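Let's start with one chain on its own, the form deposited in one PDB entry, as C-alpha cells.
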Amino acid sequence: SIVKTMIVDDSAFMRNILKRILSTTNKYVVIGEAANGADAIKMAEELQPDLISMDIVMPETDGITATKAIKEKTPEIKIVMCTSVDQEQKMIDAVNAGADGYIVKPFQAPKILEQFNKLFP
C-alpha cells in the first residue's frame, strides 16, 4: 500500500519538486534524501527504502556507480534514474548497473507518477 521513497539529487530545489509531487499521492512516503552518490549509498543501507529517485551527475560520486553499489548490497530495492542526461549509452550504463527506470529531465508532474507506478502497481 505504501512505498518508502528516497530522493537523491545534487540540486536541492529538484529534491523539493519531486517531494512535493509525491505529496498528493497516498502511496509515496519520502523517508530521506541525499545530494550525492556516496551519501545515497550510506542512507540506502541504513534506511532500507523501497524506491530511489537517482540523479546521474552529482559531485561526490556518480549516481550510476552509486546505483550499482546499492543493488549489490540489496537487489530488491528498485532504483529509478532521474537525470538531465539522456544519452543512449548512459541509459545502457544505468540498466547494466541495475536500474529499473529512467526519467529524463525536463519532465512534468504526471510522468514521475506513471513511471514510479510501473514498478509499484
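Numbers for residues come from their place in the sequence shown, where the first is 1. Under this definition, the rigid core comprises the largest set of C-alpha atoms superposing within 1.5 Å between the forms.
One more form of this protein exists, namely the form deposited in another entry; it is left out here, but the text below deals with it.
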query: After aligning the rigid core, which of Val80, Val30, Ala35, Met91 is the one whose Cα travels 2 Å or more between the shown form and the other one?
result: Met91
- prompt: By 3 Å or more, the Cα spacing of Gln115 and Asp86 differs in that other deposited form; is it closer or farther than in this view?
  reply: farther
- prompt: Out of closer and farther, which fits the Cα atoms of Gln87 and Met58 in that other deposited form compared with this form, where the change is 3 Å or more?
  reply: closer
